[PDB]
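First comes the structure, then the notes that go with it.
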Amino acid sequence: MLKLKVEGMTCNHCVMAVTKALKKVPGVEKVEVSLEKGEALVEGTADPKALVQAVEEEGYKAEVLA
Numbered sequence: 001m002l003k004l005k006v007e008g009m010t011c012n013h014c015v016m017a018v019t020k021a022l023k024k025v026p027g028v029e030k031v032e033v034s035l036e037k038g039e040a041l042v043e044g045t046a047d048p049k050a051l052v053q054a055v056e057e058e059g060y061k062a063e064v065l066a
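Numbered per the deposited numbering, the sequence shown spans residues 1 to 66.
What follows is the structure, encoded as structure tokens:
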């Protein structure tokens, strides 16, 4: 159970990109993002950098909060 801060392009379809881009790697599979806030929670054992880096590639901003 880890949480990722998400910032940047405050739009609806962006949520689709991050949930899919994160679960792309076999690992967590359970990834959720808040509709009202840029907060995301993940349930698995994947690395922090894997998530941070994966969302970074799209041009969006993020920060892991252990």
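Don't be surprised by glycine CBs; every beta carbon is placed ideally from N, CA and C.
Give the secondary structure of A40 by DSSP, where H, G and I count as helix, E and B as strand, and everything else as coil. If DSSP states are grouped into helix, strand and coil, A40 belongs with the strands.
May I ask you to list the residues that DSSP assigns as paired with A62? In the DSSP output, where bridge partners are listed per residue, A62 has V6.
Buried versus exposed call for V25 [16 or more other C-beta atoms within 10 Å across all chains shown]: In the assembly as shown, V25 is an exposed residue. Its beta-carbon has fewer than 16 other beta-carbons within 10 Å.
Taking 8 Å as the threshold (C-beta atoms), are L22 and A66 in contact? Contact check for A66 against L22 fails: the beta carbons are separated by 8 Å or more.
Span of the alpha helix (DSSP H) holding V18? Element bounds for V18: 13–23.
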